[PDB]
Each structure stands twice: as structure tokens, then as C-alpha cells.
């Protein structure tokens, strides 16, 4: 931790616009805290609408110059690979910064950095692999081709839970395709995003190709979603902000890519491996204290093992070790902010008022070393049902609900009874049964006998209200491409429809 804090004395405090590190246009700043102790650890520029506008216009200018958009795909790939190698070179420092900024355990952060390296490498290898299609034209004496071009100028807005990971999923395909980008990380977690911009600057990109805005989404976010020069807005975050962004993007018919949260089901059958299912229900529920887009917040367990399951899960929940993400014995860190802890605490009261049981946790911990930090106990809510707000709404904290089901049909019905559709799991040693269930769940990713894995080779995103579009995989790249049909008529003749 003192090592990580020492990293801060060389980190930039500034935005990066059109090839220069710059202050906010009004010289405003923001203090960044460590959620473990709520101490101010760092102070950064708080940019303005003018800054956001200047960045978007620089991005457009750079795009039209062609220095990046007309660079060869192979060479773009090499540069993206150079970024991947910087991440690896600096993986420990980056992991330390992430833990400092977001509070999650160092082991969780190291896992993030390994994924981030793999995301940049994947897209580096994909950059030069498909430029479009030749079409067999149905018109004689014509040639028809579809060319994929970069979409242009893309704005990118990321959340506070996995700052550098979510940044990588957007930056990698944007660069690989030849777009120019303007990125804004969550105002409360800018550290690793600043650091990655320093690393990309070292790699070397044309002026204007990459830009970093720092500030509140309520001030600069509308410029980012609403500017006429933007061709795509890509946002990861909560549903209410997502809808707001999409409505503003309509003003200029701007394409949107959204990844919102979910209400992710963890479906546990009679015939599951019991010990495995307990282990994975904990992991699904409490990794990063539940602040995960794909958190397994909604446990559905078959009625014949429900009491035995509840008893085992609760007994394990009482043993979960809370503490500083820098300490090796810590299993769960704090939540992100005062505001967010408050939202979680309020949900406990909502749960009780609508008739649910707080079987364990549901409060801040007492222990003396946890008192300064933004800790909330791991929580299990029982005696609930699908009509309840605690079941339906994304709490995004260290909280799971437990509902029973009788049949495979009932499990599918309950799991699909939410507005969301991001991810979920099915546990059963009957693989045929698990596959039947997976093919009826309206979810972007279904894990059979696992919980959590995503990776660059496979697209990630929502059905229903969990988003629009996909990140990662070949579909992820295509978000950053636009198709052009060029049709050449090799024997052009007058039509002579209109009288001479």
C-alpha cells in the first residue's frame, strides 16, 4: 500500500487532449478517495464542457487527416500489441493502483490486469483479419464490394467498478479499427485510466487519436453523447444513465452501444454438486462486494435442497473476511462510495418493509479496523419473491436473495422474470438438463457449472434491458466499423426512360 501510494507521486493529475496533458479549462479539480479509509489520496483536474468539445473536435480532425484511420491494419495491430505489452510490464503497479482506487482485493486486481493484457492482444491480432466482402452482384457487368471502414469519432464512458478492464474493452477495438476516441472514466475512479493514457502516449499515436476527459458525467457527459461529430457512443454503467445517453444520442442519430447491469440468476438444481454450488454462490454474490455487472445476486435453488442450501450459505457468509484489499487474508473489500453504501443500506429497509428476511448481515460491520472504511457486511435475504423490489432491482452490493423452485420450468420462468438479461448460471450434473435450461434463458452469457468467466474471444452483453450491442469478440470489433457498398457498373448504358 505505501508502494502504491508512492506510485501516485509520479502519476499525472491532468486530462489528455489533442496530444497534450492539460488542466481543466476553469482549473477546477476533484479529490479522489481510498474507500478502505475514506482518505483523500489524489487530486485531479475536473474538466468542462469546453474541454469535452475540444477533444471531440480534435478527434474529428485527426480522423479526417487519416494518420491513424488510413494507417495499415497490420501496423495498427502492432501498436495495439505494444499497449498490451505495456500493461504486462506494469501489471503489478496497475493492479496496486486499481486496488487503491476501487477497494477490491489485490488478487482480484491482478486477475483484471491479466484479462486486460489478453483483451489488447486479442484485438491486436484481429485488426487485420477482415476488411469486408466481395458480393456476386445480381446485375450483369457490375462489381459489388462491401468495405469495412472505422466508424469515425467514438466517445467512451466507463464505470467505477472495473475501471481499466471496461476501458480496455472499448479502447482496444477502437484503436484496432482506426477510430479516434474520447474517453471519460468515472469521476470517482480515474487512476488506472490516467496511467493507461500515459502508457499509450509512450507507445505513440497521432495527435488527436486518443483523448482523456476527466469529470462529472452530469457536466461533460451530455457533450460526449450529444455532439454532432460523434459517430458512436459506448457506455457501461447503470440503466438510468444509459437511457439518458441514448435519448441524447438520438439528437444526431448517433449509434449507441450500452452495457447496463443485470439481475443475474444463479440456478441451483437438486442434482448439482452441492459443495461446488455453495462455493460458486458465494463467488457470484460477493466478489468485489457484489459490485459486478454480472453478480449472481438472484439465487434460485430447487425446493428439495433449499433449507440445506440456505443453512450452508449462511454459515459460510458469517466467515467471510472483510478488510484492506492490500492485506493477503482479505476476501471482501469495501464498497465504492458513501452514496453507494447508502443506496445499499436503504435497500435493506425496503426489503424488510416488503416482508423479506435479512437472514445474515445487512448492516455495516462493527469491528474497529473496519470503522473508517466503506464496508458493508455480506448479506443473504430469504423469504422473498419475484414481486419484491429487493428481488427485481439491481442492488449492486454484497447482497444475495434466495428463492425456491419446484421444476425446471419454474426455474426458467423465475430467472427470466426481470427487466434484465446480462448473464447467469445453471448448476446441475445433468448436462442435458443444464443445456435445455441455457437455451431458454434470455441472457447474453450462460455458464453451465461455473460463475463469472468472460473473455476476449467471446461477445458479452445484454438481452432485454441489460444493453444494446456486444463488446469483445468479432461482434465487439464490428461496433467500431461501418459498411460501405461500392458498386461499379462496367458497362454503363443510358436508360432513356425520360423523353429526349
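Only the largest set of C-alpha atoms that superpose within 1.5 Å between the two forms is called the rigid core. Residue numbers count along the first chain shown, from 1.
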property: 402-410 against 287-295 - segment lying farther from this form in 4 other deposited structures of this protein (CA RMS, rigid core fit); result: 287-295
property: Segment of greater CA departure in 4 other deposited structures of this protein, 417-425 or 219-227, core superposed; result: 219-227
property: Stretch with the higher entry mean CA B-factor, where the candidates are 373-381 and 146-154; result: 373-381
property: Mean C-alpha B-factor comparison - 177-185 and 397-405, higher one; result: 397-405
property: Options 487, 25, 477, 482 - largest CA temperature factor per the record; result: 25
property: Of the residues 38, 449, 457, 466, the one carrying the largest Cα B-factor as recorded; result: 38
property: Residue 473, C-alpha B-factor rank within chain (lowest, middle or highest third); result: lowest
property: Relative C-alpha B-factor of residue 69, binned into the chain's lowest, middle or highest third; result: lowest
property: Lowest, middle or highest third - CA B-factor, residue 461; result: lowest
property: Modelled-residue ranking by C-alpha temperature factor, third containing residue 140; result: highest
property: Modelled-residue ranking by C-alpha temperature factor, third containing residue 313; result: highest
